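Order of listing sets the numbers, starting from 1, for every ligand and every atom in it. Along the sequence shown, the residues carry numbers beginning at 1. Quick note: numbers below take in every heavy atom, side chains included, and nothing from hydrogens, waters or symmetry partners.
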Amino acid sequence: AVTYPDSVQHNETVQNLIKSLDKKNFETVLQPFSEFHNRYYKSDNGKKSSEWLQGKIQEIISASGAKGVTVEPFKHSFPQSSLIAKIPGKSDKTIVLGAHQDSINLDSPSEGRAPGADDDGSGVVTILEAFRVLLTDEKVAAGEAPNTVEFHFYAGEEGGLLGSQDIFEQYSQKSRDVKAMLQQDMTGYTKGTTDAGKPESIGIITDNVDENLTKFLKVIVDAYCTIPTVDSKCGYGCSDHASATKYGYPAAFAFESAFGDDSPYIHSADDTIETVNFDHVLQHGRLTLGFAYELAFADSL
Ligand SMILES: *[C@@H]1O[C@H](CO)[C@@H](O[C@@H]2O[C@H](CO)[C@@H](O)[C@H](O)[C@H]2NC(C)=O)[C@H](O)[C@H]1NC(C)=O
Ligand SMILES: CC(C)C[C@H](N)C(=O)O
Ligand SMILES: [Cl-]
Ligand SMILES: [Zn+2]
Ligand SMILES: [Zn+2]
């Protein structure tokens, strides 16, 4: 049972950090990430893409001056490893930011083309960029934030939340104190929203999540995003936040749109950068940044 701030406590600091977000870094990383034929978790393709992604995280770390920050693989029974990047803070209360790094072509999983641009390359470059900007803060890079922050890049999500299943089950066993988890899975597709004349917005998934955290998540989107929220259900174990919920951890899920307006190109060769709106991905970078900062600096957690 975990409770959160009623309202944002570091508006000025987060707003200044938001100005450091470089919209060009999304496509820079997303373009080569989507060039792997697929990132199938059972496949050597997914192994190679995981290693490539780990290198890109490491470059952000090496370039940051943050002496204590690490990135490590998390082996699974399949070739594609998950990746956990740790920003250690004063306490062991941990804030997790999630995306999944695999992709699938449901008609030909082993060999089919799956650029996975929106599902879920968009969430990977979203939280990778918020991670980079987070380390430009002196106290965060110094390990003086009240709480620990981790960024997770889950292997094997398209096989049934396989990587996050492994990770959170093991966190549960080793008594890891995960006070808040935010999953981001598809953050780029807005053409379904705008084609219907709906205002572009941040989807907020309301099932398989924690109510208090989802409430705080909306608080974060109102302070730090310049678009509204819309509440949606998806009606099943949508994404990796369901693995966190399964082990009693408070989780939330921010989405590109209302669930019925999301990308129809996922799980096929047609999930391409063409379908991705990076100005919307930038909005998810702002809420990721703000969520991570406000909770890293929440003493009452
Ligand atoms: C957070 O701080 C910002 C300033 O960085 C406040 O900015 C308001 O909106 C724009 C910037 O987006 C400014 O030009 C306005 O002057 C501000 N409006 C008002 C009425 O002051 C923003 O209001 C702050 N947010 C909260 C929740 O306090
Ligand atoms: C985020 C949701 C649209 C579901 C997710 N794309 C999946 O792996 O099934
Ligand atoms: Cl609890
Ligand atoms: Zn998917
Ligand atoms: Zn997905």
Side-chain angles (χ1 to χ4, degrees), residues 5-21 30 33-34 38-41 46 80 82 98-106 109 114-127 152-165 182-190 192-193 202-209 216 218-227 230 232-245 251-268 270-271 275-276 283-284 286-287 289-290 293-294:
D6 289 334
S7 72
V8 291
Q9 280 333 316
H10 314 266
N11 183 40
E12 174 180 355
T13 297
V14 170
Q15 294 289 350
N16 177 248
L17 275 174
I18 277 172
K19 291 167 129 104
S20 285
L21 281 172
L30 190 48
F33 202 45
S34 64
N38 62 67
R39 319 189 286 279
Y40 191 41
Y41 74 95
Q80 183 183 62
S82 295
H100 75 90
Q101 52 153 305
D102 65 320
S103 76
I104 202 177
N105 185 301
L106 271 190
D118 200 41
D119 188 21
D120 183 18
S122 62
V124 167
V125 305
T126 291
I127 75 170
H152 296 182
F153 301 87
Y154 300 116
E157 193 273 353
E158 309 283 359
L161 319 182
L162 296 189
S164 55
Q165 161 54 38
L182 178 61
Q183 174 72 3
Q184 276 188 111
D185 192 356
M186 279 137 86
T187 63
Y189 180 81
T190 59
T193 298
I202 307 283
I204 302 272
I205 296 284
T206 55
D207 51 349
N208 296 97
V209 291
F216 174 79
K218 309 229 261 170
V219 158
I220 288 289
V221 176
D222 298 328
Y224 294 135
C225 297
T226 55
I227 59 179
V230 179
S232 219
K233 297 189 196 180
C234 58
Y236 66 100
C238 198
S239 192
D240 299 293
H241 58 290
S243 298
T245 288
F253 183 24
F255 200 47
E256 59 194 359
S257 61
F259 197 73
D261 295 318
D262 68 348
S263 172
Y265 310 113
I266 67 178
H267 306 130
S268 72
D270 297 327
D271 187 1
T275 73
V276 167
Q283 293 286 335
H284 286 265
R286 288 173 66 125
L287 78 89
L289 196 48
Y293 193 96
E294 294 276 351

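Each of the following atoms of ligand 2 lies closer than 4.0 Å to a heavy atom of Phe255: 1 (C), 3 (C). Counting the atoms of ligand 2 from 1 in the order shown, those under 4.0 Å from a heavy atom of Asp119 are 6 (N). Close approach to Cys238 involves these atoms of ligand 2, each under 4.0 Å from a residue heavy atom: 1 (C), 2 (C), 4 (C), 5 (C), 7 (C), 9 (O). Close approach of ligand 1 to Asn11 is summarised as follows: ligand atoms under 4.0 Å from at least one heavy atom of the residue are 1 (C), 2 (O), 3 (C), 22 (C), 24 (C), 25 (N), 26 (C), 28 (O). Each of the atoms 4 (C), 9 (O) of ligand 2 lies under 4.0 Å from some heavy atom of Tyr236. Listed by number with element, the atoms of ligand 2 under 4.0 angstrom from any heavy atom of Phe253 are 1 (C). Ligand 2 places these atoms under 4.0 Å from at least one heavy atom of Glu158: 8 (O). Annotation for ligand 2: atoms under 4.0 Å from non-hydrogen atoms of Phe259 are 3 (C).
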Exercise. Taking it one step at a time, do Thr226 and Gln283 satisfy side chain to side chain donor-acceptor pair (under 3.5 Å)?
Worked result: CA-CA 7 Å; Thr226 55; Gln283 293 286 335; 2.8 Å; yes
For this session: Let me see the working for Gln183 and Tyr154 under side chain to side chain donor-acceptor pair (under 3.5 Å), right down to the final yes or no.
Result: CA-CA 10 Å; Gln183 174 72 3; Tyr154 300 116; 5.2 Å; no
Problem set entry | Trace of the side chain to side chain contact (heavy atoms under 4.5 Å, CB included) decision for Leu21 with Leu289 | CA-CA 9 Å; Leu21 281 172; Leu289 196 48; 4.1 Å; yes
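Atom 24 (C) of ligand 1 is flagged as protein-proximal [any protein heavy atom, distance under 4.0 Å]. Of the protein's heavy atoms, at least one falls inside 4.0 Å of atom 28 (O) of ligand 1. Atom 21 (O) of ligand 1 is not flagged as protein-proximal [any protein heavy atom, distance under 4.0 Å]. When distances from atom 7 (O) of ligand 1 to the protein are checked, no heavy atom turns up under 4.0 Å. Within 4.0 Å of atom 3 (C) of ligand 1, at least one protein heavy atom is present.
The shortest heavy-atom distance from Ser239 to ligand 2 is not under 4.0 Å.
When side chains are defined from C-beta on, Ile104 does not count as touching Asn38, because their heavy atoms never get closer than 4.5 Å.
Taking the N/O/S atoms of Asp119 in turn, the shortest distance to the Zn ion (ligand 5) belongs to OD1.
Only the side chain of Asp262 comes within contact range of ligand 2, with a heavy atom under 4.0 Å; no backbone atom does. Contacts between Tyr189 and ligand 2 below 4.0 angstrom, taking non-hydrogen atoms only, are absent altogether.
Taking 2.8 Å as the threshold, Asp185 counts as a candidate ligand of the Zn ion (ligand 5), since one of its N, O or S atoms lies below it.
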